[PDB]
Ligand SMILES: Nc1ncnc2c1ncn2[C@@H]1O[C@H](COP(=O)(O)OP(=O)(O)OP(=O)(O)O)[C@@H](O)[C@H]1O
Ligand SMILES: [Ca+2]
Ligand SMILES: [Ca+2]
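Protein chains in written order, with the deposited numbering: chain A, 5 to 39, 50 to 375; chain B, 66 to 87.
Written as structure tokens, this is what we have:
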């Protein structure tokens with residue numbers, strides 16, 4: 005009776021066993037069909063040239079339930095090599111996940127995979143737990159969506175959650191944009207993968223945007239070279255920080271939305287006055303798109319400008335931020351005190367799928 | 066309260082060492 009932990013993201017699945025310190029499998033959240051009859055995860059990616067890819071999770075939400083079932087089946091049987099009917103399964107969901115979506119996940123786990131028990135946790139909350147906290151505000155930026163999730167004593171506060179429809183995939187696309195201004199042409203799906211590697215390796219958040227652009231314009235001290243797979247070597251400059259600057263200025267890609275520093279402040283300002291200090295002192299970064307060097311310092315600067323002068327602002331950026339959601343789930347699911355909170359098959363059978371709201375919050 | 070015992074466990078259980086290396 006060992007529990008499984010599955011963290012389903014728009015871009016990557018992280019799956020493993022509760023009590024482990026790392027997920028056993030990390031693979032793209034993709035289903036490919038020929039351009050057998052379908053391929054999932056790491057097959058479908060290494061075999062990409064002969065496949066058309068579909069992403070069942072978009073913008074943090076499951077949009078294709080048939081292909082999401084394939085991802086789950088592939089997670090259980092191919093990657094983890096377990097029979098789901100023998101294991102309690104902890105799943106994760108985005109903040110403000112629609113009611114009908116959570117019920118559909120629950121129904122599938124119980125009626126299709128016949129799990130003995132399951133639980134649905136909000137990803138941001140698991141990241142807060144992984145950092146040793148039960149109170150704080152989480153900035154979760156992944157591949158498809160970015161959220162500010164204030165959390166007080168294990169309860170995410172849905173009225174104060176902020177959502178920015180901008181994350182790693184958009185930043186990759188934006189870096190493809192602006193690299194063309196330097197004269198480089200990255201168009202194909204394989205070239206997108208290269209630009210994503212450029213972003214993950216060379217990009218950073220400037221502490222002050224205008225100063226950094228002036229530095230980049232008057233010298234080459236911020237330029238960095240990158241070897242393409244074919245051996246050719248390109249040089250990138252102010253794109254290093256112009257790409258993630260979009261998080262703070264979404265209008266760079268034409269979004270009429272406030273940047274992540276302002277949404278953090280507004281989310282705090284929608285919480286009870288009583289708890290705001292604890293939120294300001296516990297700003298936890300999570301997700302792959304918060305990995306940029308310098309993002310913590312910039313958030314500290316920008317929130318200090320918005321918050322009252324006496325407030326203490328701390329930004330926590332743990333080193334395993336790509337995996338904090340999974341680690342938090344591994345911790346939670348393996349706690350002795352957690353076990354009464356699994357939804358059991360009997361409770362599901364007696365209440366219907368609406369049991370997930372009663373028990374997961 | 067059952068929630069608080071879980072929250073207390075999350076903060077001070079020591080779970081993060083207790084995770085097996087894999
Ligand atoms: N070092 C890095 N610097 C910048 N971006 C990174 C880095 N590492 C990963 N990323 C980006 O993080 C994204 C994946 O992060 P994560 O696994 O948290 O997303 P997800 O869970 O699939 O998506 P979501 O949470 O939006 O549904 C990818 O876009 C990837 O390019
Ligand atoms: Ca995620
Ligand atoms: Ca297809």
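Note that CB positions come from ideal geometry on N, CA and C, so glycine has one too.
When C-alpha distances from residue 355 of chain A are compared across A:368, A:372, A:344 and A:341, the shortest belongs to A:372.
Taken atom to atom, the span from the alpha-carbon of residue 210 of chain A to that of residue 80 of chain B is near 34 Å.
Inclusion of residue 81 of chain A and residue 35 of chain A in the CB contact set at 7 Å is warranted, their separation being smaller than that value. At least one heavy atom of ligand 3 sits closer than 6 Å to the Cβ of residue 66 of chain A. For residue 25 of chain A, the closest Cβ of chain B is nearer than 7 Å.
For residue 257 of chain A, the uninterrupted alpha helix (DSSP H) segment begins and ends at 253-262. Taking the Cβ of residue 81 of chain B as the reference point, every heavy atom of ligand 3 lies at 6 Å or farther away.
The beta strand (DSSP E) runs lying completely inside the segment 257-328 of chain A and spanning 3 residues or more are 297-300, given in chain order.
Close to residue 52 of chain A, with beta-carbon spacing below 8 Å, lies no residue of chain B; the smallest spacing is near 29 Å. Residue 305 of chain A counts as buried, since no fewer than 16 other beta carbons sit within 10 angstroms of its beta carbon. Residue side-chain check: residue 85 of chain B keeps its Cβ at 6 Å or more from all non-hydrogen atoms of ligand 3.
Using a CB distance cut-off of 7 Å, residue 361 of chain A does not count as an interface residue toward chain B. Note on the segment 115-183 of chain A: whole alpha helix (DSSP H) runs with a minimum of 4 residues are 137-144, in chain order. In this structure residue 254 of chain A is buried. Its beta-carbon is surrounded by 16 or more other beta-carbon atoms within 10 angstroms.
Shortest gap from the CB of residue 37 of chain A to any heavy atom of ligand 3: under 6 Å. Per the CB criterion, closer than 6 Å to any heavy atom of ligand 2, the qualifying residues run in chain order as A:13, A:137, A:156, A:301 and A:339. By the C-beta density criterion, residue 128 of chain A is exposed, having fewer than 16 other C-beta atoms within 10 angstroms. Contact annotation, residue 132 of chain A with residue 105 of chain A: C-beta distance approximately 6 Å; criterion of less than 8 Å satisfied. Check the Cα spacing between residue 226 of chain A and each of A:158, A:312 and A:174: the tightest is with A:312. In the DSSP annotation of this structure, the continuous segment of the alpha helix (DSSP H) that includes residue 339 of chain A starts and ends at 338-347. Here DSSP, grouped into helix, strand and coil, assigns residue 15 of chain A to coil. For residue 318 of chain A, same chain residues with a beta-carbon under 6 Å away, outside a window of 5 residues either side, are 327 in chain order. The beta carbon of residue 16 of chain A sits closer than 6 Å to at least one heavy atom of ligand 1. By the Cβ test, the segment 161-171 of chain A is not in contact with the segment 60-72 of chain A, since fewer than three Cβ pairs between them sit closer than 8 Å. Close to chain B, meaning a Cβ-Cβ distance shorter than 8 Å, are the following residues of the segment 130-156 of chain A: 143, 144, 146, 147 and 148. Within the chosen limit of 6 Å, ligand 1 reaches the beta carbon of residue 306 of chain A through at least one heavy atom. Among the residues of chain A, those whose CB is under 9 Å from the CB of residue 78 of chain B are 345, 349, 350 and 351, following chain order.
Within 9 Å of the CB of residue 167 of chain A, the CB atoms of chain B belong to 68, 69 and 72, in sequence order along the chain.
Around the beta carbon of residue 87 of chain B, fewer than 16 other beta carbons lie within 10 angstroms, which makes this residue exposed.
The beta carbon of residue 336 of chain A sits closer than 6 Å to those of 302, all from its chain and outside the five residues before and after it, given in chain order. A distance below 8 Å between beta-carbons, with the five flanking residues on each side excluded, links residue 88 of chain A to the following residues of its chain, in chain order: 54 and 55. Under the Cβ criterion (8 Å, minimum of three pairs), the segment 117-127 of chain A counts as touching the segment 351-366 of chain A. With a cut-off of 6 Å, the C-beta of residue 181 of chain A is classified as near ligand 1, since at least one heavy atom of the ligand falls inside that distance.
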